[PDB]
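**Q** Below is a structure I'd like to ask you about.
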Amino acid sequence: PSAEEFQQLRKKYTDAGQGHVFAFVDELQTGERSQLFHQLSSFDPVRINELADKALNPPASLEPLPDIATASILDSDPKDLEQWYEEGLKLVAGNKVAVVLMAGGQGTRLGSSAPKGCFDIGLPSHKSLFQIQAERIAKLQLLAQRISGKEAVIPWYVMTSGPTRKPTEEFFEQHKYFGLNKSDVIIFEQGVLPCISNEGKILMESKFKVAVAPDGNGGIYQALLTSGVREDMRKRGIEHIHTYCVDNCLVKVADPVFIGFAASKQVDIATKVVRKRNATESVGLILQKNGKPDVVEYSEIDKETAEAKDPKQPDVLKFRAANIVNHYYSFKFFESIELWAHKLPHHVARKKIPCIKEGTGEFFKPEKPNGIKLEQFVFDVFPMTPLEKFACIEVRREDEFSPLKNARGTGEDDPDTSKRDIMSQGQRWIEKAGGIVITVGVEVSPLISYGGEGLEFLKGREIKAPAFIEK
Ligand SMILES: CC(=O)N[C@H]1[C@@H](OP(=O)(O)O)O[C@H](CO)[C@@H](O)[C@@H]1O
Ligand SMILES: O=C(c1ccco1)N1CCNCC1
Ligand SMILES: Cn1ncc(Br)c1N
Ligand SMILES: Cn1ncc(Br)c1N
Ligand SMILES: Cn1ncc(Br)c1N
Ligand SMILES: [Cl-]
């Protein structure tokens, strides 16, 4: 970096009212100086000022989704369920189905040292969430072959952040990709935005480093372009994508019912919900806003809409379609990302951000929250999508949604509720297949059963819970 170049960038920053990021250049090594220059060269402080301004100095008709845009597996015609299952498996067997795992979370409520997908919830197998998910992919590729007599590939695109990327890659490598082919698993990274003081100023982590944070799960779309992942999908002939969150231990990865349902309705986007468990559950609610499909995040909803009651049913929530972060896209939808990625709004959250005191140089952790994180949300493409190209499908919580949000000891959405849900699931499947569990719960490996099939061999047999059915 020359003097002219360093000076021209300084000017940009100074003119933008962000000159303080250069206030310790005085006392910097030649390479700490380049760390600062290179990182500042990758932000436009004017767009930073623009974001900071909408966030800090900021400027609906609201009904349930109409029944044309909604379905449920709890009351679908069984002929439909069967047809959707079959079509989903055929699309898997045609190598047209990809999976995008959103694993860009630091997992702050869980306070673990490792990525959340590495977490062992205490199952007898001691498998991670990542491994459980990989094995569902493996098992579904096998089920697909049973009706093609040919290999079935579901590529697995794993989206991480700066914080999770390296440990995620090491973990996958140390487990030999959980038995999948390395060449059908791509680990990529979401982008970042700088953290912002309450007063609009870029926070500095050190005297040579801007404080940045992941740009939210809504960062998926831009990261699909710049990572090369969308191009890999085009190359492989992918036409259908299942996107989910890593923290859900029950997630039906590439669920064939979901895929076949969406593909046969020819939507651009579909999404899963469950019945909200109470007014206060920390879930987005899917609904119709200003004529369009939309989500209100739990952090942005008002008490009155969260607590509104169904007129005919005075104890049931009016808005109870809980977002479980299981989305479908057509590949064609991803072909349009350049035209609307930029229109995704920035959600704001107050944060305690450790930084350099501006003036002192003192690398302090703050008492009250001293700034803000900006995040895009994955579901903010929903109102971009016509009702007729959108579908929402209700599923059963007990089979499809068990999130790991909190640490052992919390009492909900934690490792013990997760463990209990998998093992309770496994016992239900066995009991349906004819087995007898003595006693709690049973862990069924995904390689044995994806979704409750293949357990005939257990008919008549007694199983002493807790148990583990594997190879
Ligand atoms: C932007 C986004 O994906 N938000 C999701 C996500 O919330 P968290 O901020 O990750 O707790 O998971 C919830 C399900 O556990 C879902 O209800 C919500 O809408
Ligand atoms: O409110 C926020 C938020 C907005 C911006 C950064 O974090 N969240 C609440 C739940 N969804 C994701 C994070
Ligand atoms: C009729 N309705 N509203 C939310 C949800 Br779930 C359902 N099934
Ligand atoms: C093809 N296309 N263009 C804009 C949007 Br939204 C979509 N889905
Ligand atoms: C009223 N509503 N919203 C999502 C879903 Br399934 C339903 N039924
Ligand atoms: Cl669309």
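Residue names in the structure tokens use chain letters A, B, ... in the order shown, residue numbers from 1 in each chain, and ligand numbers from 1 in the order shown.
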Which residues sit within 9 Å of ligand 2, counting only C-alpha atoms and all ligand atoms, listed as JSON, numbers by chain?
**A** {"A": [215, 216, 217, 282, 283, 284, 297, 298, 299, 300, 346, 347, 348, 349, 350, 351, 372, 373, 374, 375, 376, 377]}
**Q** Any chance you could export the current selection's N, CA, C and O atoms as a PDB file, in the first residue's frame?
**A**
ATOM      1  N   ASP A 215     -23.570 -11.258   8.529  1.00  0.00           N
ATOM      2  CA  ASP A 215     -24.616 -10.406   7.988  1.00  0.00           C
ATOM      3  C   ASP A 215     -26.021 -11.045   8.089  1.00  0.00           C
ATOM      4  O   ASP A 215     -26.987 -10.576   7.455  1.00  0.00           O
ATOM      5  N   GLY A 216     -26.158 -12.094   8.926  1.00  0.00           N
ATOM      6  CA  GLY A 216     -27.450 -12.716   9.177  1.00  0.00           C
ATOM      7  C   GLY A 216     -27.677 -13.863   8.205  1.00  0.00           C
ATOM      8  O   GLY A 216     -26.980 -13.916   7.188  1.00  0.00           O
ATOM      9  N   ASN A 217     -28.696 -14.708   8.471  1.00  0.00           N
ATOM     10  CA  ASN A 217     -28.979 -15.851   7.594  1.00  0.00           C
ATOM     11  C   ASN A 217     -29.494 -15.382   6.243  1.00  0.00           C
ATOM     12  O   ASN A 217     -29.378 -16.109   5.266  1.00  0.00           O
ATOM     13  N   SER A 282     -40.347 -18.004  21.138  1.00  0.00           N
ATOM     14  CA  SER A 282     -39.404 -17.263  20.316  1.00  0.00           C
ATOM     15  C   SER A 282     -39.330 -17.825  18.895  1.00  0.00           C
ATOM     16  O   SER A 282     -38.278 -18.308  18.461  1.00  0.00           O
ATOM     17  N   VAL A 283     -40.427 -17.637  18.148  1.00  0.00           N
ATOM     18  CA  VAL A 283     -40.489 -18.048  16.742  1.00  0.00           C
ATOM     19  C   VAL A 283     -41.045 -16.914  15.864  1.00  0.00           C
ATOM     20  O   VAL A 283     -41.945 -16.158  16.258  1.00  0.00           O
ATOM     21  N   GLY A 284     -40.553 -16.848  14.624  1.00  0.00           N
ATOM     22  CA  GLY A 284     -41.196 -16.045  13.604  1.00  0.00           C
ATOM     23  C   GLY A 284     -42.585 -16.602  13.321  1.00  0.00           C
ATOM     24  O   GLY A 284     -42.791 -17.801  13.474  1.00  0.00           O
ATOM     25  N   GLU A 297     -40.829 -11.560  12.886  1.00  0.00           N
ATOM     26  CA  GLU A 297     -39.864 -12.203  13.755  1.00  0.00           C
ATOM     27  C   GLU A 297     -40.272 -11.925  15.210  1.00  0.00           C
ATOM     28  O   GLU A 297     -40.887 -10.886  15.489  1.00  0.00           O
ATOM     29  N   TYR A 298     -39.972 -12.880  16.121  1.00  0.00           N
ATOM     30  CA  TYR A 298     -40.441 -12.813  17.501  1.00  0.00           C
ATOM     31  C   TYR A 298     -39.906 -11.537  18.163  1.00  0.00           C
ATOM     32  O   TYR A 298     -40.585 -10.970  18.995  1.00  0.00           O
ATOM     33  N   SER A 299     -38.735 -11.057  17.726  1.00  0.00           N
ATOM     34  CA  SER A 299     -38.057  -9.884  18.264  1.00  0.00           C
ATOM     35  C   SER A 299     -38.672  -8.562  17.789  1.00  0.00           C
ATOM     36  O   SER A 299     -38.220  -7.523  18.240  1.00  0.00           O
ATOM     37  N   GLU A 300     -39.662  -8.595  16.875  1.00  0.00           N
ATOM     38  CA  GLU A 300     -40.224  -7.405  16.252  1.00  0.00           C
ATOM     39  C   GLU A 300     -41.742  -7.359  16.403  1.00  0.00           C
ATOM     40  O   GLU A 300     -42.359  -6.376  16.020  1.00  0.00           O
ATOM     41  N   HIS A 346     -32.255  -4.490   6.600  1.00  0.00           N
ATOM     42  CA  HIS A 346     -31.314  -4.762   7.665  1.00  0.00           C
ATOM     43  C   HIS A 346     -32.051  -4.656   8.996  1.00  0.00           C
ATOM     44  O   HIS A 346     -32.579  -3.612   9.330  1.00  0.00           O
ATOM     45  N   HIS A 347     -32.169  -5.771   9.700  1.00  0.00           N
ATOM     46  CA  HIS A 347     -32.745  -5.799  11.036  1.00  0.00           C
ATOM     47  C   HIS A 347     -31.647  -5.390  12.021  1.00  0.00           C
ATOM     48  O   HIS A 347     -30.466  -5.629  11.784  1.00  0.00           O
ATOM     49  N   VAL A 348     -32.064  -4.762  13.125  1.00  0.00           N
ATOM     50  CA  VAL A 348     -31.146  -4.114  14.043  1.00  0.00           C
ATOM     51  C   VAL A 348     -31.268  -4.795  15.392  1.00  0.00           C
ATOM     52  O   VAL A 348     -32.384  -4.953  15.875  1.00  0.00           O
ATOM     53  N   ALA A 349     -30.139  -5.144  16.017  1.00  0.00           N
ATOM     54  CA  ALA A 349     -30.186  -5.558  17.416  1.00  0.00           C
ATOM     55  C   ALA A 349     -29.108  -4.840  18.217  1.00  0.00           C
ATOM     56  O   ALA A 349     -27.967  -4.780  17.780  1.00  0.00           O
ATOM     57  N   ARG A 350     -29.506  -4.312  19.382  1.00  0.00           N
ATOM     58  CA  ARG A 350     -28.584  -3.766  20.368  1.00  0.00           C
ATOM     59  C   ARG A 350     -27.603  -4.839  20.832  1.00  0.00           C
ATOM     60  O   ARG A 350     -28.035  -5.946  21.093  1.00  0.00           O
ATOM     61  N   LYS A 351     -26.306  -4.501  20.982  1.00  0.00           N
ATOM     62  CA  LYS A 351     -25.281  -5.440  21.421  1.00  0.00           C
ATOM     63  C   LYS A 351     -24.234  -4.746  22.288  1.00  0.00           C
ATOM     64  O   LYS A 351     -23.840  -3.624  21.994  1.00  0.00           O
ATOM     65  N   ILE A 372     -24.783  -1.777  17.737  1.00  0.00           N
ATOM     66  CA  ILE A 372     -25.807  -2.531  17.033  1.00  0.00           C
ATOM     67  C   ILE A 372     -25.158  -3.499  16.047  1.00  0.00           C
ATOM     68  O   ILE A 372     -24.086  -3.215  15.502  1.00  0.00           O
ATOM     69  N   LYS A 373     -25.828  -4.656  15.876  1.00  0.00           N
ATOM     70  CA  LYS A 373     -25.580  -5.584  14.783  1.00  0.00           C
ATOM     71  C   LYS A 373     -26.701  -5.394  13.760  1.00  0.00           C
ATOM     72  O   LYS A 373     -27.851  -5.206  14.145  1.00  0.00           O
ATOM     73  N   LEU A 374     -26.351  -5.455  12.463  1.00  0.00           N
ATOM     74  CA  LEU A 374     -27.314  -5.505  11.360  1.00  0.00           C
ATOM     75  C   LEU A 374     -27.380  -6.911  10.759  1.00  0.00           C
ATOM     76  O   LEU A 374     -26.355  -7.490  10.435  1.00  0.00           O
ATOM     77  N   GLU A 375     -28.602  -7.411  10.528  1.00  0.00           N
ATOM     78  CA  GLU A 375     -28.788  -8.733   9.962  1.00  0.00           C
ATOM     79  C   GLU A 375     -29.878  -8.723   8.890  1.00  0.00           C
ATOM     80  O   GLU A 375     -30.898  -8.074   9.063  1.00  0.00           O
ATOM     81  N   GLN A 376     -29.649  -9.434   7.781  1.00  0.00           N
ATOM     82  CA  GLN A 376     -30.708  -9.798   6.846  1.00  0.00           C
ATOM     83  C   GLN A 376     -31.256 -11.159   7.246  1.00  0.00           C
ATOM     84  O   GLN A 376     -30.561 -11.961   7.836  1.00  0.00           O
ATOM     85  N   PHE A 377     -32.545 -11.341   7.005  1.00  0.00           N
ATOM     86  CA  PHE A 377     -33.248 -12.554   7.363  1.00  0.00           C
ATOM     87  C   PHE A 377     -33.607 -13.306   6.085  1.00  0.00           C
ATOM     88  O   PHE A 377     -34.016 -12.700   5.091  1.00  0.00           O
TER      89      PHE A 377
END
**Q** Taking only region 177-410 of chain A into account, list the residues labelled helix (DSSP H, G or I) by DSSP (computed from the backbone), as a VMD selection string.
**A** chain A and resid 177 to 179 182 to 184 217 to 227 229 to 236 256 to 265 303 to 307 331 to 334 337 to 343 378 to 384 387 to 389 397 to 400
**Q** Could you list, as an NGL selection string, all the residues within 8 Å of ligand 6, counting only C-alpha atoms and all ligand atoms?
**A** :A and (268-269 or 333 or 381-382 or 384-386 or 389-390)
**Q** For the interface of chain A with ligand 5 (cut-off 12 Å, counting only C-alpha atoms and all ligand atoms), please tabulate each contacting residue of chain A alongside its nearest pair of atoms and their separation in Å to one decimal, rows sorted by chain and increasing number, as JSON lines.
**A**
{"residue": "A:62", "atom": "CA", "partner": "ligand 5", "partner_atom_place_in_ligand_line": "1 (C)", "distance": 11.8}
{"residue": "A:63", "atom": "CA", "partner": "ligand 5", "partner_atom_place_in_ligand_line": "1 (C)", "distance": 8.5}
{"residue": "A:64", "atom": "CA", "partner": "ligand 5", "partner_atom_place_in_ligand_line": "1 (C)", "distance": 4.7}
{"residue": "A:65", "atom": "CA", "partner": "ligand 5", "partner_atom_place_in_ligand_line": "3 (N)", "distance": 4.8}
{"residue": "A:66", "atom": "CA", "partner": "ligand 5", "partner_atom_place_in_ligand_line": "1 (C)", "distance": 6.5}
{"residue": "A:67", "atom": "CA", "partner": "ligand 5", "partner_atom_place_in_ligand_line": "8 (N)", "distance": 6.6}
{"residue": "A:68", "atom": "CA", "partner": "ligand 5", "partner_atom_place_in_ligand_line": "8 (N)", "distance": 9.5}
{"residue": "A:69", "atom": "CA", "partner": "ligand 5", "partner_atom_place_in_ligand_line": "5 (C)", "distance": 7.8}
{"residue": "A:70", "atom": "CA", "partner": "ligand 5", "partner_atom_place_in_ligand_line": "6 (Br)", "distance": 4.6}
{"residue": "A:71", "atom": "CA", "partner": "ligand 5", "partner_atom_place_in_ligand_line": "6 (Br)", "distance": 5.0}
{"residue": "A:72", "atom": "CA", "partner": "ligand 5", "partner_atom_place_in_ligand_line": "6 (Br)", "distance": 5.5}
{"residue": "A:73", "atom": "CA", "partner": "ligand 5", "partner_atom_place_in_ligand_line": "6 (Br)", "distance": 8.9}
{"residue": "A:74", "atom": "CA", "partner": "ligand 5", "partner_atom_place_in_ligand_line": "6 (Br)", "distance": 9.8}
{"residue": "A:75", "atom": "CA", "partner": "ligand 5", "partner_atom_place_in_ligand_line": "6 (Br)", "distance": 10.5}
{"residue": "A:76", "atom": "CA", "partner": "ligand 5", "partner_atom_place_in_ligand_line": "6 (Br)", "distance": 10.9}
{"residue": "A:270", "atom": "CA", "partner": "ligand 5", "partner_atom_place_in_ligand_line": "6 (Br)", "distance": 10.4}
{"residue": "A:271", "atom": "CA", "partner": "ligand 5", "partner_atom_place_in_ligand_line": "6 (Br)", "distance": 8.8}
{"residue": "A:272", "atom": "CA", "partner": "ligand 5", "partner_atom_place_in_ligand_line": "6 (Br)", "distance": 7.4}
{"residue": "A:273", "atom": "CA", "partner": "ligand 5", "partner_atom_place_in_ligand_line": "6 (Br)", "distance": 6.3}
{"residue": "A:274", "atom": "CA", "partner": "ligand 5", "partner_atom_place_in_ligand_line": "6 (Br)", "distance": 7.7}
{"residue": "A:275", "atom": "CA", "partner": "ligand 5", "partner_atom_place_in_ligand_line": "5 (C)", "distance": 8.8}
{"residue": "A:276", "atom": "CA", "partner": "ligand 5", "partner_atom_place_in_ligand_line": "4 (C)", "distance": 10.9}
{"residue": "A:284", "atom": "CA", "partner": "ligand 5", "partner_atom_place_in_ligand_line": "4 (C)", "distance": 11.9}
{"residue": "A:285", "atom": "CA", "partner": "ligand 5", "partner_atom_place_in_ligand_line": "3 (N)", "distance": 8.7}
{"residue": "A:286", "atom": "CA", "partner": "ligand 5", "partner_atom_place_in_ligand_line": "3 (N)", "distance": 6.3}
{"residue": "A:287", "atom": "CA", "partner": "ligand 5", "partner_atom_place_in_ligand_line": "3 (N)", "distance": 6.0}
{"residue": "A:288", "atom": "CA", "partner": "ligand 5", "partner_atom_place_in_ligand_line": "3 (N)", "distance": 8.5}
{"residue": "A:289", "atom": "CA", "partner": "ligand 5", "partner_atom_place_in_ligand_line": "3 (N)", "distance": 12.0}
{"residue": "A:293", "atom": "CA", "partner": "ligand 5", "partner_atom_place_in_ligand_line": "3 (N)", "distance": 9.7}
{"residue": "A:294", "atom": "CA", "partner": "ligand 5", "partner_atom_place_in_ligand_line": "3 (N)", "distance": 10.4}
{"residue": "A:295", "atom": "CA", "partner": "ligand 5", "partner_atom_place_in_ligand_line": "3 (N)", "distance": 10.6}
{"residue": "A:310", "atom": "CA", "partner": "ligand 5", "partner_atom_place_in_ligand_line": "1 (C)", "distance": 11.0}
{"residue": "A:317", "atom": "CA", "partner": "ligand 5", "partner_atom_place_in_ligand_line": "1 (C)", "distance": 10.9}
{"residue": "A:318", "atom": "CA", "partner": "ligand 5", "partner_atom_place_in_ligand_line": "1 (C)", "distance": 8.7}
{"residue": "A:319", "atom": "CA", "partner": "ligand 5", "partner_atom_place_in_ligand_line": "1 (C)", "distance": 7.7}
{"residue": "A:320", "atom": "CA", "partner": "ligand 5", "partner_atom_place_in_ligand_line": "3 (N)", "distance": 7.5}
{"residue": "A:321", "atom": "CA", "partner": "ligand 5", "partner_atom_place_in_ligand_line": "4 (C)", "distance": 5.0}
{"residue": "A:322", "atom": "CA", "partner": "ligand 5", "partner_atom_place_in_ligand_line": "4 (C)", "distance": 8.2}
{"residue": "A:323", "atom": "CA", "partner": "ligand 5", "partner_atom_place_in_ligand_line": "4 (C)", "distance": 9.3}
{"residue": "A:324", "atom": "CA", "partner": "ligand 5", "partner_atom_place_in_ligand_line": "4 (C)", "distance": 11.7}
{"residue": "A:390", "atom": "CA", "partner": "ligand 5", "partner_atom_place_in_ligand_line": "4 (C)", "distance": 11.0}
{"residue": "A:391", "atom": "CA", "partner": "ligand 5", "partner_atom_place_in_ligand_line": "6 (Br)", "distance": 8.2}
{"residue": "A:392", "atom": "CA", "partner": "ligand 5", "partner_atom_place_in_ligand_line": "6 (Br)", "distance": 5.0}
{"residue": "A:393", "atom": "CA", "partner": "ligand 5", "partner_atom_place_in_ligand_line": "6 (Br)", "distance": 4.2}
{"residue": "A:394", "atom": "CA", "partner": "ligand 5", "partner_atom_place_in_ligand_line": "6 (Br)", "distance": 4.1}
{"residue": "A:395", "atom": "CA", "partner": "ligand 5", "partner_atom_place_in_ligand_line": "6 (Br)", "distance": 7.9}
{"residue": "A:396", "atom": "CA", "partner": "ligand 5", "partner_atom_place_in_ligand_line": "6 (Br)", "distance": 11.0}
**Q** Using only C-alpha atoms, determine which residues lie at most 10 Å from residue 227 (chain A), disregarding the query and same-chain residues fewer than 6 positions distant; provide the list as a ChimeraX atom specification.
**A** /A:159,186-190
**Q** Taking into account only C-alpha atoms and all ligand atoms, which residue in the set A:92, A:436, A:246, A:253 is nearest to ligand 1?
**A**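 For ligand 1, the nearest of the given residues is A:246.
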**Q** Could you pull out the residues in region 360-447 of chain A that DSSP calls strand (DSSP E or B) from the backbone, as a list in words?
**A**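 Going through region 360-447 of chain A, the strand (DSSP E or B) residues come out as residues 363, 364, 371, 372, 373, 374, 375, 390, 391, 392, 393, 394, 403, 436, 437, 442, 443 and 444 of chain A.
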**Q** Keeping only N, CA and C atoms, write the selected residues to a file as a PDB file, in the first residue's frame.
**A**
ATOM      1  N   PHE A 363      -8.791  -1.411  25.381  1.00  0.00           N
ATOM      2  CA  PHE A 363      -9.515  -2.471  24.687  1.00  0.00           C
ATOM      3  C   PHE A 363     -10.569  -3.113  25.592  1.00  0.00           C
ATOM      4  N   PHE A 364     -11.678  -2.385  25.834  1.00  0.00           N
ATOM      5  CA  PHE A 364     -12.619  -2.671  26.914  1.00  0.00           C
ATOM      6  C   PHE A 364     -13.876  -3.421  26.447  1.00  0.00           C
ATOM      7  N   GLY A 371     -23.699  -0.451  20.974  1.00  0.00           N
ATOM      8  CA  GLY A 371     -23.800  -0.468  19.526  1.00  0.00           C
ATOM      9  C   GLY A 371     -24.865  -1.453  19.038  1.00  0.00           C
ATOM     10  N   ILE A 372     -24.783  -1.777  17.737  1.00  0.00           N
ATOM     11  CA  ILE A 372     -25.807  -2.531  17.033  1.00  0.00           C
ATOM     12  C   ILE A 372     -25.158  -3.499  16.047  1.00  0.00           C
ATOM     13  N   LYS A 373     -25.828  -4.656  15.876  1.00  0.00           N
ATOM     14  CA  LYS A 373     -25.580  -5.584  14.783  1.00  0.00           C
ATOM     15  C   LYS A 373     -26.701  -5.394  13.760  1.00  0.00           C
ATOM     16  N   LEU A 374     -26.351  -5.455  12.463  1.00  0.00           N
ATOM     17  CA  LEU A 374     -27.314  -5.505  11.360  1.00  0.00           C
ATOM     18  C   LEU A 374     -27.380  -6.911  10.759  1.00  0.00           C
ATOM     19  N   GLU A 375     -28.602  -7.411  10.528  1.00  0.00           N
ATOM     20  CA  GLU A 375     -28.788  -8.733   9.962  1.00  0.00           C
ATOM     21  C   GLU A 375     -29.878  -8.723   8.890  1.00  0.00           C
ATOM     22  N   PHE A 390     -46.133 -19.392  -3.814  1.00  0.00           N
ATOM     23  CA  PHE A 390     -45.683 -19.649  -2.454  1.00  0.00           C
ATOM     24  C   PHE A 390     -46.579 -20.722  -1.832  1.00  0.00           C
ATOM     25  N   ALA A 391     -45.984 -21.576  -1.004  1.00  0.00           N
ATOM     26  CA  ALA A 391     -46.755 -22.584  -0.295  1.00  0.00           C
ATOM     27  C   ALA A 391     -46.169 -22.762   1.100  1.00  0.00           C
ATOM     28  N   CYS A 392     -47.068 -22.805   2.080  1.00  0.00           N
ATOM     29  CA  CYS A 392     -46.740 -23.070   3.462  1.00  0.00           C
ATOM     30  C   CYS A 392     -47.433 -24.371   3.864  1.00  0.00           C
ATOM     31  N   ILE A 393     -46.684 -25.277   4.511  1.00  0.00           N
ATOM     32  CA  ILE A 393     -47.219 -26.575   4.875  1.00  0.00           C
ATOM     33  C   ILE A 393     -46.971 -26.823   6.354  1.00  0.00           C
ATOM     34  N   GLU A 394     -48.059 -27.133   7.064  1.00  0.00           N
ATOM     35  CA  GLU A 394     -47.956 -27.481   8.468  1.00  0.00           C
ATOM     36  C   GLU A 394     -47.429 -28.901   8.645  1.00  0.00           C
ATOM     37  N   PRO A 403     -35.532 -27.555  18.382  1.00  0.00           N
ATOM     38  CA  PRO A 403     -34.352 -26.696  18.284  1.00  0.00           C
ATOM     39  C   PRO A 403     -33.478 -26.675  19.548  1.00  0.00           C
ATOM     40  N   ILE A 436     -41.275 -53.734  21.015  1.00  0.00           N
ATOM     41  CA  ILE A 436     -41.751 -53.483  22.358  1.00  0.00           C
ATOM     42  C   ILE A 436     -40.570 -52.892  23.109  1.00  0.00           C
ATOM     43  N   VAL A 437     -40.757 -51.691  23.638  1.00  0.00           N
ATOM     44  CA  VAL A 437     -39.719 -51.031  24.395  1.00  0.00           C
ATOM     45  C   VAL A 437     -40.047 -51.195  25.878  1.00  0.00           C
ATOM     46  N   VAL A 442     -35.545 -44.550  22.517  1.00  0.00           N
ATOM     47  CA  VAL A 442     -34.571 -45.296  21.744  1.00  0.00           C
ATOM     48  C   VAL A 442     -34.027 -44.393  20.640  1.00  0.00           C
ATOM     49  N   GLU A 443     -32.697 -44.389  20.493  1.00  0.00           N
ATOM     50  CA  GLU A 443     -32.041 -43.724  19.386  1.00  0.00           C
ATOM     51  C   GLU A 443     -31.993 -44.659  18.178  1.00  0.00           C
ATOM     52  N   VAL A 444     -32.705 -44.294  17.108  1.00  0.00           N
ATOM     53  CA  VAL A 444     -32.601 -45.013  15.851  1.00  0.00           C
ATOM     54  C   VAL A 444     -31.649 -44.260  14.929  1.00  0.00           C
TER      55      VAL A 444
END
**Q** Between CA of residue 194 (chain A) and CA of residue 101 (chain A), measure the distance and give it in Å to one decimal.
**A**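 If I compute the distance from CA of residue 194 (chain A) to CA of residue 101 (chain A), I get 24.3 Å.
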**Q** Find the residue from A:316, A:202, A:143, A:98 that sits nearest to ligand 3; use only C-alpha atoms and all ligand atoms when measuring.
**A**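 Distance minimum relative to ligand 3 lands on A:316.
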**Q** From the set A:454, A:228, A:218, A:434, which residue has the shortest atom-to-atom contact distance to residue 345 (chain A), counting only C-alpha atoms?
**A** A:218
**Q** Find the residues near residue 203 (chain A): any atom within 12 Å, counting only C-alpha atoms, skip ones fewer than 6 places away on the same chain, and give them as a ChimeraX atom specification.
**A** /A:18-22,48,52,193-197,209-213,351-358,363-364,366,370-373
**Q** Which residues come within 10 Å of region 110-117 of chain A, counting only C-alpha atoms, excluding same-chain residues fewer than 2 positions away, as a PDB file with C-alpha atoms, in the first residue's frame?
**A**
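Generated file (out-v7.pdb):
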ATOM      1  CA  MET A 102     -27.437 -22.650   7.521  1.00  0.00           C
ATOM      2  CA  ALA A 103     -24.688 -23.046  10.156  1.00  0.00           C
ATOM      3  CA  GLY A 104     -23.417 -19.438  10.422  1.00  0.00           C
ATOM      4  CA  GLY A 105     -24.479 -19.044  14.081  1.00  0.00           C
ATOM      5  CA  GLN A 106     -22.102 -18.339  16.986  1.00  0.00           C
ATOM      6  CA  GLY A 107     -24.815 -19.845  19.223  1.00  0.00           C
ATOM      7  CA  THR A 108     -24.718 -17.174  21.889  1.00  0.00           C
ATOM      8  CA  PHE A 119     -22.643 -30.175  19.661  1.00  0.00           C
ATOM      9  CA  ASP A 120     -23.264 -33.618  21.214  1.00  0.00           C
ATOM     10  CA  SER A 128     -23.163 -34.346  16.594  1.00  0.00           C
ATOM     11  CA  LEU A 129     -26.066 -32.549  14.914  1.00  0.00           C
ATOM     12  CA  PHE A 130     -23.950 -32.384  11.721  1.00  0.00           C
ATOM     13  CA  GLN A 131     -23.449 -36.162  11.668  1.00  0.00           C
ATOM     14  CA  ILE A 132     -27.128 -36.922  12.325  1.00  0.00           C
ATOM     15  CA  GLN A 133     -27.939 -34.633   9.391  1.00  0.00           C
ATOM     16  CA  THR A 160     -20.722 -20.946   7.895  1.00  0.00           C
ATOM     17  CA  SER A 161     -19.470 -17.597   9.231  1.00  0.00           C
ATOM     18  CA  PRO A 163     -16.238 -17.549  13.404  1.00  0.00           C
ATOM     19  CA  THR A 164     -17.478 -21.101  12.527  1.00  0.00           C
ATOM     20  CA  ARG A 165     -15.804 -21.792   9.163  1.00  0.00           C
ATOM     21  CA  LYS A 166     -12.428 -23.208  10.219  1.00  0.00           C
ATOM     22  CA  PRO A 167     -13.692 -25.420  13.129  1.00  0.00           C
ATOM     23  CA  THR A 168     -16.567 -26.625  10.905  1.00  0.00           C
ATOM     24  CA  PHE A 171     -14.715 -31.315  12.152  1.00  0.00           C
ATOM     25  CA  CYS A 245     -31.119 -24.338  10.196  1.00  0.00           C
ATOM     26  CA  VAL A 246     -28.416 -26.517  11.819  1.00  0.00           C
ATOM     27  CA  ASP A 247     -29.849 -26.322  15.348  1.00  0.00           C
ATOM     28  CA  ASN A 248     -32.926 -28.568  14.757  1.00  0.00           C
ATOM     29  CA  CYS A 249     -32.054 -32.131  15.789  1.00  0.00           C
ATOM     30  CA  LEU A 404     -31.131 -26.382  20.331  1.00  0.00           C
ATOM     31  CA  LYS A 405     -31.192 -22.717  21.445  1.00  0.00           C
ATOM     32  CA  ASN A 406     -30.180 -22.912  25.138  1.00  0.00           C
ATOM     33  CA  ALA A 407     -27.620 -24.638  27.355  1.00  0.00           C
ATOM     34  CA  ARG A 408     -28.117 -27.824  29.393  1.00  0.00           C
ATOM     35  CA  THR A 410     -32.518 -24.306  30.812  1.00  0.00           C
ATOM     36  CA  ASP A 414     -31.831 -27.247  25.051  1.00  0.00           C
ATOM     37  CA  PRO A 415     -29.721 -30.464  24.723  1.00  0.00           C
TER      38      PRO A 415
END
**Q** As an exercise, work out the distance from CA of residue 334 (chain A) to CA of residue 223 (chain A) in Å and give it to one decimal place.
**A** 11.4 Å
**Q** So, counting only C-alpha atoms and all ligand atoms, which residue among A:397, A:240, A:292, A:90 is closest to ligand 3?
**A**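 For ligand 3, the nearest of the candidates is A:397.
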**Q** Determine the nearest neighbour of residue 9 (chain A) from the options A:26, A:182, A:44, A:56, counting only C-alpha atoms.
**A**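 Of all the options, A:44 lies closest to residue 9 (chain A).
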**Q** So which residues touch residue 448 (chain A) within 10 Å, counting only C-alpha atoms, skipping near sequence neighbours fewer than 4 positions away, as number ranges by chain?
**A** A: 135-136, 139, 444, 452-455, 469-471
**Q** Can you tell me, as an mmCIF file with C-alpha atoms, in the first residue's frame, what residues are no more than 7 Å from residue 459 (chain A) when counting only C-alpha atoms, ignoring any on the same chain fewer than 3 positions away?
**A**
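Result saved to result.cif:
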data_model
loop_
_atom_site.group_PDB
_atom_site.id
_atom_site.type_symbol
_atom_site.label_atom_id
_atom_site.label_comp_id
_atom_site.auth_asym_id
_atom_site.auth_seq_id
_atom_site.Cartn_x
_atom_site.Cartn_y
_atom_site.Cartn_z
ATOM 1 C CA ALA A 433 -43.149 -51.231 13.369
ATOM 2 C CA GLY A 434 -44.113 -53.854 15.992
ATOM 3 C CA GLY A 435 -41.333 -53.672 18.597
ATOM 4 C CA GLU A 456 -39.780 -54.553 10.425
#
